[PDB]
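Working notes, beginning with the structure itself.
Only the coordinates and a few stated rules stand behind these numbers; no lab work does. We place every Cβ from the backbone using ideal geometry, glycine too, and count neighbours over all the protein chains shown.
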Amino acid sequence: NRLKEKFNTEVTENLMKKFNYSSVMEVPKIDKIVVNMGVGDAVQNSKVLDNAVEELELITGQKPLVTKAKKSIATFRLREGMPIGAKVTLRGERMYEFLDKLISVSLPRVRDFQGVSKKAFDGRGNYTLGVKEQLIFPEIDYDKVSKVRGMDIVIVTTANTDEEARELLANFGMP
Amino acid sequence: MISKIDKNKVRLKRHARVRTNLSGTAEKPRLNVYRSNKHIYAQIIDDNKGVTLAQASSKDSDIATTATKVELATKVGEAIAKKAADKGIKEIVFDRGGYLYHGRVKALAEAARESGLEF
Amino acid sequence: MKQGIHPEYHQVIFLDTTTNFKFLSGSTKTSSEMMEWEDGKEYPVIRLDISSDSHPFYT
Amino acid sequence: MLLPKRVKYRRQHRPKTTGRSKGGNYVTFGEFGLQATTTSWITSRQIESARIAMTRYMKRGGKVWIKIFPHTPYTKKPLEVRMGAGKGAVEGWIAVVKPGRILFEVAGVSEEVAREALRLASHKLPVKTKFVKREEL
Amino acid sequence: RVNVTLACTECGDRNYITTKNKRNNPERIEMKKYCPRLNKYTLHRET
Amino acid sequence: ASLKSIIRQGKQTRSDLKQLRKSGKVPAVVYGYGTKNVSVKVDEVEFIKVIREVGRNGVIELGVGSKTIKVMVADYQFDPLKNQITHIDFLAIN
Amino acid sequence: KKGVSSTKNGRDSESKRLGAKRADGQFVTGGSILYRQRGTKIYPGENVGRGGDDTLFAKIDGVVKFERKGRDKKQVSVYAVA
RNA sequence: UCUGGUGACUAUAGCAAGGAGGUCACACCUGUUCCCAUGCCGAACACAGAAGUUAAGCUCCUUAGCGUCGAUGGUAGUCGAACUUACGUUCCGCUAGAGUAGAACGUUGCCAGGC
RNA sequence: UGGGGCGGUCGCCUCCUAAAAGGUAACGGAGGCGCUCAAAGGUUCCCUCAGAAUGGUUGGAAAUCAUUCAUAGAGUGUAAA
RNA sequence: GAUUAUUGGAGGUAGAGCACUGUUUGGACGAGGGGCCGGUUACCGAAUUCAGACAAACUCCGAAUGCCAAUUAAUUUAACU
């Protein structure tokens, strides 16, 4: 809760000047993040999906479980089964560690415009911004990789919308 | 835009989903339970008519310690079982509510079971 | 924390040569290259970091 | 009006004849309306004829609102052939009306002009009918 | 999805019948059920 | 503005009710402000004349019995065929 | 006569006699039927078995009471007062 | 007198909204530390602390705004009867749906506290 | 068999005709069947809608994922109920 | 056994009615395609409302009348094996 404590001070200095809570038993927050990776078209690319797995096994403290295709949609031959996703959900102390890590080690390999973005919030209070996966993994950088992916990383927030995430990012965010 | 709620409502939804078949006839009268946060409360109740039969708890301080959040449940399971020793000292039907045969539940369960009662 | 699909996590001391940002995370609970206690005993060789040092918002 | 243009069933039943207009009994779209007195079938070829006459007399004047689509088919075999080894192809489409049912409206045109056009429409038409103004008061 | 007429452990004749398939259930199956010479649910096996 | 009606009664059968509606009058039934579920009949002619005098709405002190009180349309069962009314529903406004 | 051709759709089912068999106030037997249905239009209540095909029987002998079940559904309540 | 449950009454019982309420419980809460624990979370559950809280959840109050039912009479529609031959007439009753006044923001048995 | 007639069809299940109990015709209207699940079965303990927009690597909008409503519109092995 | 006053119930007809399913959008509605370079504007897929109209195989509603059975009551004379 390193930067969480900074914006905790801002709950009383800024978002008591902004959100104006009636009790300290009521405050804002993010909840967590769901980090479902992408397609990983394992029709026979099961090993590619295993590489996408072992990426986030360690690049992320939690690893995914595959979203198997409940359906048989065209545009890629999915059927009942068809492991074609990822279920990462970073909740607590890992969530804060990833915060204090990634706000700082993303932009070195993001080449961002503002530093994170002007904006790419999808509109439900979250980014879900497709990544080129370079800014991520300073631990396993783009030296030995095998596959690019872009993920709809969903900011699972008590933020009612994206505007709250904006002024929330005093935490090394350039909104 | 993504939030949380009370838990007792879902407790009681499961409770209703079970209540159908497990029904105190006022002879195996319905022994319903409530573990809220701190102390667990209990009552066997004539429910074929919908009227009291007993009343006990862990906030009911006659059987009271600072044991576990659990051994106190065992105490109340002995105690209300003694309030049933007079009558209803037999096997009746408990209610697992939206709760489970483990924990507070099971400690109290076998407390009642072995405080004279035919469960 | 999807225990069942959760490998290790930790607050890693990913110290840099610039700004010493050893307040990071990863899966490599590293050796005591920086055998320190102000930050964890993790490898401080990860120097390339601009979001605090040389970023588009502040070079 | 309001629809996607599919169908549901083909050889529906030869429908009701009698009764009364359940609705469509007031002048809404246009101002100069026509309703009916009789209660019989319509093929829309008579109304094809009718609106032809109407327009070519109106000289591309005011507007028109038909209050109909023939929702329902009718069939026929060829002429006076033997009976009951099937039910023939649809020979067209219909929607019977009843008295009290508004059927046409127009606006952006003169009153007696409308009267004339409606007379002309009825003349190619199998049903006794009547013109009205905006049902008000 | 075809038939199976089983032989009991020792109940000694042709009584019990069911459905299975040699694709879902390609191998000889066996399970518990009441036979009459025993007054109990015993195991019986496929032949 | 001060039109007059008359007071209906029970079991207006298929015969007498058709007769009255066929006549130059028609049944109304009022309720609402200081009023009960009360049935009456009204001359079509002057009813329509007051339509022409005051329009779709007019605070009318309706003279039945001894009282001329503010009541207006709740609704009405009217036949566009034959251009006269079968039924009218009334609501007091005071 | 002449050519009349192939012809298909005269296919329907030899029916079944469903619904009720006994009524309000009526007195019954033990294996007595009270209804032949499919699904649950009505819901067995007191002293009522439900066989496989949604057939209902009264577990006892006695007399019947249909009634509401929910706020908008219906059931049975057999009573063997005597 | 508020509570908990377990209750019977269908929401005109309520939906939504406003305000108060206060760790008699309540939930907020800190974690995994153990039983437990999550094919994919201490989320949940369980366990463990009760530190703190009505702000939430929460009960009460205010609107009937939403819903809800819903009158009055009336309508056809139908019963039969009699007509005549009408895409019908008439008596007779049964009287719908729909509209609509209008309404109501609960009764309530239950033990123990709370009292 | 609306003369024999060629054609066809001939055994079961769903609906509509069917007329508010049930029941009922037509060389009358529309549709399924000649099975399948050792797990889709039995039994305990959890879950709870598609879909819609919301929207964003994806993007042929949409896949996966995510916010909120959705009437079970989900869906349920085999048509319709 | 019967008839009728008294019942009590079942049920989805007629009628109503769009609330689902949907049949023919008048209107606008904002966009997507599009005329254009990714756009302009048309119109639409579609949906937004407003908006109405229709239904053997549509139903949130819903009669009369008939069906079943009641100390059912009374007046008859059946009724059953």
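Descriptive notes on the structure:
- Residue within the range C:28-39 that is within 24 Å of A:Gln114 (Cα to Cα) and within 8 Å of chain A (Cβ to nearest Cβ) present: no
Yes/no per residue for (1) surrounded by fewer than 10 Cβ atoms within 10 Å (Cβ to Cβ); (2) within 14 Å of chain D (Cβ to nearest Cβ); (3) not in a loop (DSSP other than H, G, I, E, B):
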position: G:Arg22; (1), (2), (3): no, no, no
position: G:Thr29; (1), (2), (3): no, no, no
position: G:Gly39; (1), (2), (3): yes, no, no
position: G:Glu67; (1), (2), (3): no, no, yes
position: G:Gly70; (1), (2), (3): yes, no, no
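- Considering residues of the range F:39-75 that are part of a strand (DSSP E or B) and free of Cβ contacts under 8 Å to residues at least 24 places away in the same chain only, the residue nearest to RNA strand J (Cβ to nearest atom): F:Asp75
- When the strands (runs of 3 or more DSSP E) confined to the range D:85-137 are screened for residues that are within 22 Å of D:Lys63 (Cβ to Cβ), those reaching at least 3 such residues are found at D:104-107, D:129-132.
- Residue that is surrounded by the fewest Cβ atoms within 10 Å (Cβ to Cβ), among those in the range D:17-76 that are of a type in the set (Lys, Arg) and more than 12 Å from RNA strand J (Cβ to nearest atom): D:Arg60
- When residues of the range E:1-34 are limited to those that are closer than 11 Å to E:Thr47 by Cβ and of a type in the set (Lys, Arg), the one nearest to RNA strand H (Cβ to nearest atom): E:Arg28
- Which numbered condition B:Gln43 misses (of (1) in a strand (DSSP E or B); (2) touching a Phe, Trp or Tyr at 6+ places or on another chain (Cβ under 8 Å)): (2)
- Condition check for A:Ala42: free of Cβ contacts under 8 Å to residues at least 60 places away in the same chain and more than 9 Å from chain C (Cβ to nearest Cβ): yes
- Top-ranked residue of the range D:39-70 - restricted to ones that are touching a residue at least 12 places away in the same chain (Cβ under 8 Å) and of a type in the set (D, E, K, R), ranked as nearest to D:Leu120 (Cα to Cα): D:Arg51
- Residue count for the range E:1-29, restricted to those that are in contact (Cβ under 8 Å) with a residue 40 or more places away in the chain and under 16 Å from E:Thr42 (Cβ atoms): 2
- Condition check for A:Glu10: without any contact (Cβ under 8 Å) to a residue 12 or more places away in the chain and not in a strand (DSSP E or B): no
- Residue selected from the range G:41-65 under the condition among the aliphatic types (A, V, I, L, M) and more than 16 Å from RNA strand H (Cβ to nearest atom), by the criterion surrounded by the most Cβ atoms within 10 Å (Cβ to Cβ): G:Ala58
- Applying the set (1) within 11 Å of RNA strand J (Cβ to nearest atom); (2) away from chain G (no Cβ under 14 Å); (3) touching a residue at least 40 places away in the same chain (Cβ under 8 Å) to D:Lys87 leaves exactly one unmet item: (2).
- Residue in the range B:24-32 that is touching a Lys or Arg at 6+ places or on another chain (Cβ under 6 Å), free of Cβ contacts under 8 Å to residues at least 24 places away in the same chain and more than 8 Å from RNA strand H (Cβ to nearest atom) present: no
- D:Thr72 meets each of the listed conditions (1) of a type in the set (S, T, N, Q); (2) more than 16 Å from RNA strand I (Cβ to nearest atom); (3) more than 14 Å from chain F (Cβ to nearest Cβ) apart from (2).
- B:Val33 outside any strand (DSSP E or B) and either more than 14 Å from chain A (Cβ to nearest Cβ) or within 16 Å of RNA strand J (Cβ to nearest atom) (or both): no
- The residues of the range A:87-116 that are part of a loop (DSSP other than H, G, I, E, B) and within 10 Å of RNA strand H (Cβ to nearest atom), listed by number, are A:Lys87, A:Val88, A:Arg91, A:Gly92.
- Among residues of the range A:73-87 being more than 6 Å from RNA strand I (Cβ to nearest atom) and within 14 Å of another protein chain (Cβ to nearest Cβ), the one that is nearest to A:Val53 (Cα to Cα) is A:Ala86.
- Among the residues of the range G:41-70, the ones that are within 21 Å of G:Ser15 (Cβ to Cβ) and away from RNA strand J (no atom under 11 Å from the Cβ) come to 6 in all.
- Scanning the range A:134-155 for residues that are assigned to a loop (DSSP other than H, G, I, E, B), more than 14 Å from chain C (Cβ to nearest Cβ) and touching a residue at least 40 places away in the same chain (Cβ under 8 Å) gives A:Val145, A:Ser146, A:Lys147, A:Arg149, A:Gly150, A:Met151, A:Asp152, A:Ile153.
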